[PDB]
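Single-letter residue listing:
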Amino acid sequence: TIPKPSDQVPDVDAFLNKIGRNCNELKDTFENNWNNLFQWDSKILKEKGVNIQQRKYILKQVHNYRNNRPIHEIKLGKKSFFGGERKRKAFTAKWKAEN
Amino acid sequence: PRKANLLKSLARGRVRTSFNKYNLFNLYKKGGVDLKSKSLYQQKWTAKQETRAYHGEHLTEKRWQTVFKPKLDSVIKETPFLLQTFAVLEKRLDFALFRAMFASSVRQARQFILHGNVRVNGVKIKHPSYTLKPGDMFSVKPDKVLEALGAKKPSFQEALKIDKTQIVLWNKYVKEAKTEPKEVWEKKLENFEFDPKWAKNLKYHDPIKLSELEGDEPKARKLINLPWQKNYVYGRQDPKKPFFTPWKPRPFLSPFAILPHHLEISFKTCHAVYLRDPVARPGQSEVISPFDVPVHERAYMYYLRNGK
Amino acid sequence: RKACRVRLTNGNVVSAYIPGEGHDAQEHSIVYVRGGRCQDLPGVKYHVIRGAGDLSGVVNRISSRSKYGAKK
Amino acid sequence: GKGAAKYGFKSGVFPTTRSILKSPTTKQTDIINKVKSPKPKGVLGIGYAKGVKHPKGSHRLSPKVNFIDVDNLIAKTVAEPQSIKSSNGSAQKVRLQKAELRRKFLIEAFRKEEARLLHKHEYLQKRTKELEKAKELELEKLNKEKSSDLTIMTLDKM
Amino acid sequence: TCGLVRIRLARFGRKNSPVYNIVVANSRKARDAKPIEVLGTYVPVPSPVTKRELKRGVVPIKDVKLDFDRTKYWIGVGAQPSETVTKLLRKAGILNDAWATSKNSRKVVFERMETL
Amino acid sequence: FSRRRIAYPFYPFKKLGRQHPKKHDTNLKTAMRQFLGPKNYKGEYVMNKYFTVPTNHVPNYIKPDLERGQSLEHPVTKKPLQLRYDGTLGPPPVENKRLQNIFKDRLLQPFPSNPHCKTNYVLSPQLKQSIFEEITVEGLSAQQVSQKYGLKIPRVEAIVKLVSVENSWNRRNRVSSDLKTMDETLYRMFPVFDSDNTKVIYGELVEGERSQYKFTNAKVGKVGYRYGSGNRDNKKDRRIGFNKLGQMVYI
RNA sequence: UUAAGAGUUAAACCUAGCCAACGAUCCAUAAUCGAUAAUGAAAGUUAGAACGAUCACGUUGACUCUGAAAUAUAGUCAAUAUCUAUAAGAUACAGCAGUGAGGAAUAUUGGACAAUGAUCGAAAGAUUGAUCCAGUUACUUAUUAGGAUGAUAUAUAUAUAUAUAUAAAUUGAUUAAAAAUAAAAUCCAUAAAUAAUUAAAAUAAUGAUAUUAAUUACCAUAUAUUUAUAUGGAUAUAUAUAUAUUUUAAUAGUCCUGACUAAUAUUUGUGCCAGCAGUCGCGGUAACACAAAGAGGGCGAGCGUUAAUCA
Ligand SMILES: [Mg+2]
Ligand SMILES: [Mg+2]
Ligand SMILES: [Mg+2]
Ligand SMILES: [Mg+2]
Ligand SMILES: [Mg+2]
Ligand SMILES: [Mg+2]
Ligand SMILES: [Mg+2]
Ligand SMILES: [Mg+2]
Ligand SMILES: [Mg+2]
Ligand SMILES: [Mg+2]
Ligand SMILES: [Mg+2]
Ligand SMILES: [Mg+2]
Ligand SMILES: [Mg+2]
Ligand SMILES: [Mg+2]
Ligand SMILES: [Mg+2]
Ligand SMILES: [Mg+2]
Ligand SMILES: [Mg+2]
Ligand SMILES: [Mg+2]
Ligand SMILES: [Mg+2]
Ligand SMILES: [Mg+2]
Ligand SMILES: [Mg+2]
Ligand SMILES: [Mg+2]
Ligand SMILES: [Mg+2]
Ligand SMILES: [Mg+2]
Ligand SMILES: [Mg+2]
Ligand SMILES: [Mg+2]
């Protein structure tokens with residue numbers, strides 16, 4: 001069933017803004033309808049055009065909202081500035097000598 | 001499986017698991033399998049050829065070799081042990097259908113299974129290679145069995161021509177009866193071995209020309225009315241069933257009408273129960289086959305060693 | 001009998017019989033050699049494969065085309 | 001495929017099942033008696049003779065079998081907490097429940113394993129005793145045949 | 001999870017048709033390597049239910065074969081079961097709600113029943 | 001010695017003479033036409049012995065050896081009719097004594113070459129209904145009825161199942177006129193039989209759960225899929241079975 | 001010295017021993033094995049790809065720290081080979097794809113962490129070429145790859161063996177010489193499509209596979225036990241309602257026919273040539289063996305052949 005929009009996240013626009021990971025580009029897909037966002041399963045989000053990662057993340061955060069768990073942006077893991085562990089040594093050697 | 005090719009060739013004279021008229025003639029004229037003046041390899045090859053032409057022809061040779069079981073089962077006369085060479089094929093669903101007289105041939109049984117017309121214990125089975133166990137109940141859609149055992153449904157044109165001929169012959173008989181009722185009554189009683197109103201009761205029938213009547217079935221249905229054939233075209237009493245509608249058995253059905261010993265059949269419902277695997281007992285083998293024991297012996301010797 | 005000496009990729013030099021009614025094998029030609037001796041030729045223990053390498057299949061072959069590389 | 005005929009025609013292998021009790025228990029009287037029994041003396045036996053010396057650094061006798069005591073193993077391996085009284089903790093209740101279940105499971109497993117071993121020992125005793133009374137039965141049967149002794153000398157007896 | 005000894009699922013079967021062995025395994029061995037023991041089998045595909053059986057009200061059944069005495073022993077000595085294995089054991093009654101998780105956890109339509 | 005032997009009839013038949021060049025016929029086709037007899041405008045072969053099914057509860061099986069290939073009778077009088085030099089069918093000179101003197105066993109033998117093959121007797125509907133009453137209503141065991149009627153237990157159980165199914169079909173009016181005709185006809189074509197523990201846990205089910213776990217007790221060392229077991233997927237001994245739905249699954 | 005025995009290593013002092021024609025030492029070769037694969041009646045024999053167990057290695061050799069355990073895919077040193085950053089630098093794809101070479105010959109520079117595992121984190125969660133899926137490839141194995149009927153066209157006039165005419169009739173052949181029920185034609189189906197719906201792999205939620213499998217040919221419900229008749233939403237029609245209610249197929253190669261070794265219906269070209277051949281062997285007008293036609297016999301999405309293994 002539909003959760004009721006909260007003052008913290010009044011609209012699906014604000015929801016996509018908060019969850020992040022470039023989910024803001026999906027605003028037109030949902031047309032700012034709470035009911036559509038909270039009844040649309042994975043097959044529908046696929047036929048709309050949402051990619052696999054985006055629809056999985058959106059369904060995860062929608063379930064979190066149903067269960068009132070925090071829906072803040074989870075920044076994805078990134079390789080270190082000095083490169084991956086396997087490439088860390090060569091990249092560090094290059095960076096040190098160059099600068 | 002193998003593609004059906006020259007299964008009824010009169011020259012080759014092979015007997016097939018089928019109710020064909022040509023298969024009937026091949027079985028009739030065969031006599032027996034000639035094994036005289038042949039080396040052991042030639043005898044084995046002839047026996048293999050004939051028995052595999054009858055038993056499981058549609059199976060590929062390698063598949064049959066894999067399916068071949070070098071053992072035999074049995075339960076005063078001598079028990080024909082080696083007629084059980086092909087008993088393993090008898091538990092297959094298509095073979096069971098054929099032996100239950102629910103299909104005209106094993107190929108037609110395969111098509112019936114593949115098209116979803118067959119059930120085994122209430123669940124639809126679409127695989128002819130399905131193997132039945134003792135006590136298994138299988139059933140066929142009644143229309144398919146009626147089509148397999150019933151005569152072919154004529155087309156509109158052919159039945160219209162047959163009706164033309166029937167009307168013509170009825171008019172001829174009516175003329176003969178009216179002109180000379182004496183001799184007609186005498187002939188009728190002789191064939192069985194007076195009142196003049198009888199010849200008055202007979203009525204001519206309007207001749208029909210098919211050129212104007214083609215393409216309209218209800219017109220012909222209403223126009224054609226013979227004392228046996230009232231208000232329908234020949235063989236098309238209700239042209240929506242897949243068989244000769246006034247249901248009569250297919251021609252040449254009695255030669256192949258064999259009741260199995262391992263299946264129990266209810267033809268009202270088109271159901272059957274697989275009682276057991278066929279077995280050999282003193283003086284009898286439950287594996288229906290048109291070849292005598294030596295032929296099966298030689299085939300078994302062939303398939304024990306793979307034709308070595 | 002049409003045959004040819006062939007040096008194989010492993011260094012061995014053998015004599016290979018050339019089957020078929022006609023052949024276009026010539027020196028420097030790339031061929032494929034399989035086993036099977038020519039019975040009436042002593043020392044020729046190998047055959048050349050028609051329709052493989054630089055050796056074409058038999059021209060105008062109707063029967064046993066697969067054994068001679070012919071296509072139809 | 002051939003070797004599977006030895007193992008019941010089962011293809012593939014399971015890992016060898018582990019023994020819950022690594023060493024024999026102290027309630028297995030027969031094993032202790034065999035261990036404690038006088039070792040067979042001499043070469044058909046297993047031990048050094050009285051007069052012969054062993055190598056300087058070696059041990060004359062093998063290490064003695066450590067007979068597990070199930071009560072001691074349970075007490076040392078899984079000991080009930082001394083401090084029964086405690087206050088409310090969100091994870092403490094869960095940890096206590098898990099610890100209680102694990103203790104119960106291990107205690108139950110050990111005790112049932114010991115009972116199982118003793119039951120097999122009793123079963124073997126019954127088997128052997130029944131076989132010995134079967135020998136007594138043929139003793140009864142033979143005397144019937146040889147109650148017919150005319151005390152003349154026969155060839156089958158020769 | 002944690003610990004050297006872990007009760008987990010090793011995948012057997014064929015592509016698109018998974019079956020599993022519930023096994024006690026060393027944490028550092030491969031998933032399908034030979035384990036310390038094979039405690040059981042698990043078939044994740046529910047039993048098919050006919051439409052008429054749906055009218056009857058029968059529910060699809062997922063089949064697990066398990067050694068209950070030995071699994072309890074391995075839980076006692078400190079074996080750590082995986083999440084899916086933890087769920088499987090909980091439904092069997094080997095483990096209680098103490099092994100649950102916040103995400104996992106409602107009305108009971110059928111209660112766990114033990115019959116020979 | 002072995003050679004291709006065209007399967008000509010073993011019995012005497014009228015071989016082709018000089019042929020008009022465009023006939024393009026064969027002796028085999030002429031033998032088939034002689035065996036079949038004249039064809040009707042309706043397509044039938046009334047002259048043939050076996051064209052029409054029997055109705056006297058005695059099967060009509062081919063007897064090419066006894067009748068020496070003469071398989072044409074008058075459809076009504078059922079007297080033999082042989083081909084004649086004029087081309088017409090007519091009475092034979094001497095009637096075959098073999099066809100009057102036919103052993104009772106041979107009449108139930110479908111195929112002339114195989115004596116061991118024989119047709120099975122068909123149980124009468126009254127006997128089937130009596131068996132149904134004896135088993136289901138009177139509570140008799142399959143053993144007692146099997147001994148009583150000289151029947152076998154699997155056949156008795158199959159008869160019970162079939163009579164129950166027939167009762168259901170008659171309840172739903174599924175049996176039709178054509179089916180009744182087909183059953184009746186095939187009934188008269190055959191001879192008629194003459195009477196004289198493991199602990200199991202069913203798991204807790206919660207609303208929204210689509211399945212219920214079933215746990216069976218098993219013994220370690222015997223439960224599990226073995227490691228290193230032989231793979232027969234690419235071998236002729238590949239193991240195939242059928243699902244509960246009826247689909248094909250590799251085992 | 002080790003946690004630990006021992007010429008295992010290092011030192012010292014004694015004895016003269018130790019192995020070996022039932023094969024030492026040396027050389028060549030080789031990863032080993034199974035409840036794995038092949039084969040055989042079996043003993044055995046072969047393989048060690050695939051599933052599984054053990055070992056060894058991560059370009060080569062030695063040593064060192066840490067550690068319970070490493071001569072570690074670590075570090076140091078050197079050897080080889082490359083790249084730049086020219087430094088008491090980095091890298092070595094026997095990790096996944098992929099490229100070049102070698103070879104008769106062995107694929108995607110793919111999708112996802114949905115499932116099962118693994119690492120980190122208290123958790124939220126993050127990573128995962130392990131893994132799971134898909135792609136290529138008849139490399140192998142299995143199911144399908146359509147059944148029944150069917151030897152001719154017209155014209156004549158409660159019975160029923162309908163009979164007469166004419167016309168045609170492909171290849172071979174003049175009757176046991178066939179191709180051939182093979183074709184055509186007819187009857188009845190289903191696959192595919194087109195529509196709806198729709199599981200399961202997974203649940204608290206998350207599905208890459210996915211244009212999912214499966215079901216029905218309008219859709220539900222309402223009773224009976226899959227087939228029925230009903231009630232209601234579809235449906236064009238004609239004139240709410242009598243009616244019907246998507247469409248629909250067919251698609252085989254390859255070898256051989258003297259004997260071993262299954263293949264009789266016969267002909268043509270060549271002429272010890274061209275050629276065939278596993279063995280015997282055939283080919284000089286009369287070729288069952290060469291190259292073909294007809295017919296025929298095997299296996300069949302495979303067939304043959306070469307290389308091997310067992311018997
Ligand atoms: Mg972060
Ligand atoms: Mg953790
Ligand atoms: Mg021959
Ligand atoms: Mg020392
Ligand atoms: Mg030494
Ligand atoms: Mg020294
Ligand atoms: Mg030596
Ligand atoms: Mg090596
Ligand atoms: Mg090696
Ligand atoms: Mg391997
Ligand atoms: Mg070896
Ligand atoms: Mg490999
Ligand atoms: Mg190393
Ligand atoms: Mg190294
Ligand atoms: Mg390298
Ligand atoms: Mg690579
Ligand atoms: Mg190359
Ligand atoms: Mg993952
Ligand atoms: Mg990836
Ligand atoms: Mg001609
Ligand atoms: Mg040739
Ligand atoms: Mg010639
Ligand atoms: Mg030859
Ligand atoms: Mg030739
Ligand atoms: Mg030809
Ligand atoms: Mg295949």
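- If you check the header, you'll see the entry was determined by cryo-EM and the resolution is listed as 3.13 Å.

- Chain D appears in the PDB entry as 37S ribosomal protein PET123, mitochondrial from Saccharomyces cerevisiae.

- The name given to chain B in the PDB entry is 37S ribosomal protein NAM9, mitochondrial, and the organism recorded there is Saccharomyces cerevisiae.
- Entered under Subcellular location in the UniProt record, the comment concerning chain B runs "Mitochondrion".
- Word for word, the UniProt comment on chain B under Sequence similarities is "Belongs to the universal ribosomal protein uS4 family."

1. Overview of the overall build of chain B
At step 1: Scanning chain B from terminus to terminus reveals 12 helices and seven strands.
At step 2: Projecting the C-alpha coordinates of chain B onto the three principal axes gives extents of approximately 75 × 50 × 40 Å.
At step 3: Classification of the 308 residues of chain B by burial places 54% in the buried group.
At step 4: About 14600 Å² of surface is accessible on chain B, with carbon and sulfur atoms providing 53% of the total.
At step 5: Of the charged side chains in chain B, 59 are positive and 31 negative, and the gap between their average positions amounts to 7 Å.

2. A short note on the side chain of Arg6 of chain E
All names here are of chain E.
At step 1: Structurally, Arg6 can be placed in strand 1 (residues 5-14).
At step 2: For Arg6, which is buried and forms no salt bridge, the nearest opposite charge comes from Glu83, at a distance of 8.3 Å.
At step 3: Looking at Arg6, its side chain comes within polar contact range of the main-chain oxygen of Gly3, at 2.8 Å.
At step 4: Setting aside residues no more than four positions away along its own chain, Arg6 makes contact with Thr1, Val23, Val24, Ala25, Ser27 and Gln80.

3. Thoughts on the sheet that holds strand 4 (residues 263-266) of chain B
At step 1: The sheet built from five strands is open, its strands ordered 2-1-3-5-4 (chain B) with antiparallel pairing. Of all strands in the sheet, those bounded by a partner on one side alone are strand 2 (123-124) and strand 4 of chain B.
At step 2: Pairing of strand 4 of chain B with strand 5 (residues 271-274) of chain B, which is carried by four bridges, proceeds in the antiparallel orientation. In the sheet register, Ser266 of chain B faces strand 5 of chain B, and the bridge partner there is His271 of chain B.
At step 3: Seen against the sheet, helix 7 (residues 153-171) of chain F touches strand 3 (136-140), strand 4 and strand 5 of chain B and runs at an angle of roughly 20° to strand 4 of chain B.

4. Thoughts on unusual backbone geometry
At step 1: Residue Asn68 of chain A is not a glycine yet carries a positive backbone phi of 65°.
At step 2: Positionally, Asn68 of chain A belongs in the loop between helix 5 (52-66) and helix 6 (85-98).
At step 3: Of the residues examined, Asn68 of chain A reaches a relative accessible area of 69% and is grouped as exposed.
At step 4: Its identity as a non-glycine residue notwithstanding, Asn60 of chain C has a phi of 60°, on the positive side.
At step 5: For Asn60 of chain C, the position within the fold is in the segment after strand 4 (46-48).

5. Points about the pattern of salt bridges
At step 1: This model, assessed by the stated rule, comprises 40 salt bridges over all chains.
At step 2: Here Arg155 of chain F and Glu264 of chain B are joined by a salt bridge, their closest N and O atoms 3.5 Å apart. Of this pair, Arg155 of chain F sits in helix 7 while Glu264 of chain B sits in strand 4, on two different chains.
At step 3: Assessed through its relative accessible area of 11%, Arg155 of chain F is described here as buried.
At step 4: Assessed through its relative accessible area of 5%, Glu264 of chain B is described here as buried.
At step 5: For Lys27 of chain D, the salt bridge is made with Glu114 of chain D, and the minimal N-O distance between the two is 3.1 Å. With a gap of 87 residues between them, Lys27 of chain D in the segment before helix 1 (29-36) and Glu114 of chain D in helix 3 (residues 90-146) connect regions that are remote in the sequence.

6. Quick word on a nonpolar patch on the surface
Residue and element names in this part refer to chain B.
At step 1: Taken together, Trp185, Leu189, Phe192 and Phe194 make up a surface patch of nonpolar side chains, about 440 Å² in accessible area.
At step 2: Position of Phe194 among the secondary structure elements: in the loop between helix 8 (181-192) and helix 9 (197-201).
At step 3: When its relative accessible area of 44% is taken as the criterion, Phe194 is described as partly exposed.

7. Focus on the sheet that holds strand 2 (residues 13-17) of chain C
All names here are of chain C.
At step 1: Read across the sheet, four strands follow the order 1-2-4-3 without closing on themselves; strand pairing throughout is mixed. The open sheet has two free edges, formed respectively by strand 1 (3-7) and strand 3 (33-35), since each of these has just one partner strand. For this sheet, the mean angle separating the axes of adjacent strands, direction not counted, is 45°.

8. Observations regarding the UniProt feature "domain: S4 RNA-binding" in chain B
At step 1: Mapped onto this structure's residue numbering, the UniProt feature "domain: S4 RNA-binding" falls at residues 91-160 of chain B.
At step 2: Annotation note: span residues 91-160 of chain B, helix share 41%, strand share 14%, distance between end C-alpha atoms 45 Å.

9. As for the protein's contact with RNA strand G
At step 1: Inspection of the region around RNA strand G gives 176 residues, with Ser42 of chain A, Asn20 of chain B, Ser64 of chain C together with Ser2 and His24 of chain F positioned closest.
At step 2: Take the atoms of RNA strand G that sit within 4 Å of the protein: sugar and phosphate atoms are 71% of them.
At step 3: Note that a sugar or linking oxygen of RNA strand G is positioned 3.4 Å from one of the side-chain N or O atoms of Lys144 of chain B.
At step 4: Here the surface near RNA strand G is composed, by residue class, of 57 nonpolar, 48 polar and 71 charged.

10. Here we look at the packing of aromatic side chains
Residue and element names in this part refer to chain B.
At step 1: Taken as a whole, this structure holds 45 aromatic pairs over all chains when the rule is applied.
At step 2: Their ring planes at 25° and their centres at 5.6 Å tell us that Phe19 and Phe256 sit as a pair that is stacked. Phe256 matches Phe19 in its accessibility class, with the two residues each being buried.
At step 3: Ring geometry for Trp64 versus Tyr303: centroids 5.9 Å apart, planes at 90°, classification edge-to-face. Comparing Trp64 with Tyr303 shows no difference in burial state: the two are buried.
At step 4: Aromatic ring contacts, followed pair by pair, group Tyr41, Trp45, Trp64, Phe68, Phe86, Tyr300, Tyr302 and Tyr303 into a single cluster.

Thresholds applied
- Residues numbered from 1 in each chain as written, not as in the entry; some residues may be left out.
- Chains lettered and ligands numbered in written order.
- Part of a larger assembly, values for the part shown.
- Heavy atoms only, no water.
- UniProt positions renumbered as here; feature names shortened; annotations may be inferred.
- Helix = DSSP H or I, 4+ residues; strand = E, 2+ residues; numbered from the N terminus.
- Buried < 20%, exposed > 50% of the residue type's maximum accessible area, 1.4 Å probe, protein only.
- Areas by Shrake-Rupley, 256 points an atom, 1.4 Å probe, with all protein chains shown as cover.
- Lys, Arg positive; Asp, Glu negative; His and termini not counted.
- Charge placed at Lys NZ, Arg CZ, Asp CG, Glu CD.
- Salt bridge = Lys/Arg side-chain N within 4 Å of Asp/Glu carboxyl O.
- Polar contact = N/O pair within 3.5 Å; in protein donor to acceptor, adjacent residues only side chain to side chain.
- Contact = heavy atoms within 4.5 Å.
- Pairing = 2+ DSSP bridges.
- Axes fitted to C-alpha atoms, helices over the stretch in contact; angles between N-to-C directions.
- Patch = residues over 30% accessible without salt bridge, like charges linked within 9 Å, V, L, I, M, F, W, Y side chains within 5 Å.
- Near = heavy atom within 4 Å.
- Nonpolar A, V, L, I, M, F, W, Y, C, P; charged D, E, K, R; others polar.
- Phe/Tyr/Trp six-rings, centres within 6.5 Å; stacked < 30°, edge-to-face > 60°.

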